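Starting off, we have a lone chain in the form deposited in one PDB entry, written out as structure tokens.
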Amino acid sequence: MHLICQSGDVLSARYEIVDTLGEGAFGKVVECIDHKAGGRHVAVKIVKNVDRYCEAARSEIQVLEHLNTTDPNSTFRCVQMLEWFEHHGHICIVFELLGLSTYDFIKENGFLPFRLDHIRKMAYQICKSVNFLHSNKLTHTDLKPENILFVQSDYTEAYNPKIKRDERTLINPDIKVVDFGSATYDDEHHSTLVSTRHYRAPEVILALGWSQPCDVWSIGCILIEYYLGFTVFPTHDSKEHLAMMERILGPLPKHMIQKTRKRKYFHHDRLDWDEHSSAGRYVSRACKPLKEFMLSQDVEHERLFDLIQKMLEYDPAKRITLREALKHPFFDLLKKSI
């Protein structure tokens, strides 16, 4: 793919690459000048020339055709696909150019969190956008800060010599949801593994089956990450992941522990985890009950955390819906009209 995506390369006799926006395992996203739409800047995802990413981009194109047609004004904040083409046997998908991923925005400010006012606006929009997928018999499955992007370059940035980086200050926090290559329809076959490990629901970890509620878990993890500036589940390993959930959210429902065929992780009805090993005293030291991450006892911080705690309900049958979520008191402040 190195061979086909340099600056100055022209795709489909119109898209001139000017910059790289994002890399990763699926392939590359590049900024292009569209010489056939009056020099409008767009994004083109170049898909890695492999079975996996080919069929996932074929599916993504089908999903976007449906979302974009159903919601032409993008009221529900899903990215607009403009077209797709083939370039040296890679699928390329053209998109409206958005601003920074929320991931890159936090990362490049030294992992400093978003303001509560911004998080309220962003959480509302994420919940409204993914509730639209929910309404339309879809689950995203891979919600994570890399897949939430600012609509606009609506920030200022200044070089701060004291700390030798640009700091970027958000003016307007409006977002859209991207990447529908994993999005699964209610009646389609359901992959065993889904989500980036840090945002993966407990029912996905435990192979108990999944649908719309696994997205709600992911959003929960996103929101605390926006509030703190870092993931509360940093780990690579599922048993440590489950130890961290226990430390932060309490014990897992016995029914989930006893039902799972991933019995590898467990011993009788307990997590099989030496709490007193140096790896367990790590998790203990690293993790505290969820409500202790609060930076303020201020009621608006209490509203957010009550929502976050509902999103991280272990039992996906009991987990809050985005329908209910949009009605949570954390959002009331958005609906002020006196």
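Throughout, rigid core stands for the largest set of C-alpha atoms superposing within 1.5 Å between the two forms. When you see a residue number, it is the position in the sequence shown, counting from 1.
**Q** So, looking at the entry's B-factor column for Cα atoms, which has the higher mean, 72 to 80 or 230 to 238?
**A** Per the PDB entry, the higher value belongs to 230 to 238.
**Q** Between 130 to 138 and 155 to 163, name whichever shows the higher mean Cα B factor according to the PDB entry.
**A** On average, C-alpha B-factors are higher across 155 to 163.
**Q** If I read the C-alpha B-factors straight from the PDB entry, which of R263, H118, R168, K107 is highest?
**A** Highest C-alpha B-factor among the listed residues goes to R263.
**Q** Specify which of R52, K310, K45, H35 carries the largest Cα B factor in the deposited PDB entry.
**A** Among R52, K310, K45, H35, the PDB entry lists the largest C-alpha B-factor for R52.
**Q** Quick check on the deposited entry: does the C-alpha B-factor of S211 sit in the lowest, middle or highest third of its chain?
**A** Within its chain, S211 is a lowest-third residue by C-alpha B-factor, going by the deposited values.
**Q** Using the B-factors in the PDB entry, rank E31's C-alpha atom against the chain and give the third, lowest, middle or highest.
**A** For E31, whose C-alpha B-factor we compare with every modelled residue in the chain, the answer is the lowest third.
**Q** Ranking the modelled residues of this chain by C-alpha B-factor as given in the entry, is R200 in the lowest, middle or highest third?
**A** Its C-alpha B-factor belongs to the middle third of this chain's values.
**Q** Taking the values exactly as deposited, rank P145 by C-alpha B-factor within its chain and report the matching third: lowest, middle or highest.
**A** For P145, whose C-alpha B-factor we compare with every modelled residue in the chain, the answer is the lowest third.
**Q** Within this chain's modelled residues, let me know which third the CA B factor of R281 belongs to: lowest, middle or highest.
**A** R281: CA B-factor falls in the highest third of its chain.
If you look for the form deposited in another entry, you will not find it shown, but the lines that follow are about it.
**Q** Using a core superposition, identify the member of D166, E86, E188, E83 whose Cα displacement between the shown form and the other one reaches 2 Å or more.
**A** Spelled out, the residue whose C-alpha shifts by 2 Å or more is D166.
**Q** Indicate whether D117 shows a C-alpha shift of 2 Å or more between the shown form and the other one, with the rigid core used for the fit.
**A** No: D117 shifts by under 2 Å between the shown form and the other one.
**Q** Any CA movement of 2 Å or more for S135 between the shown form and the other one, core superposed?
**A** Superposed on the core, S135 moves its C-alpha less than 2 Å between the shown form and the other one.
**Q** Taking the rigid core as the reference frame, tell me whether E157 has a CA displacement of 2 angstroms or more between the shown form and the other one.
**A** Comparing forms between the shown form and the other one, the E157 CA shifts at least 2 Å.
**Q** Explain in one word, closer or farther, how the Cα atoms of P113 and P161 are placed in that other deposited form relative to this form, where the distance changes by 3 Å or more.
**A** Nearer in that other deposited form, by 3 Å or more.
**Q** Look at the CA atoms of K164 and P113: state whether they lie closer or farther apart in that other deposited form than in this form, given a difference of 3 Å or more.
**A** Distance between the C-alphas of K164 and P113: shorter in that other deposited form, by 3 Å or more.
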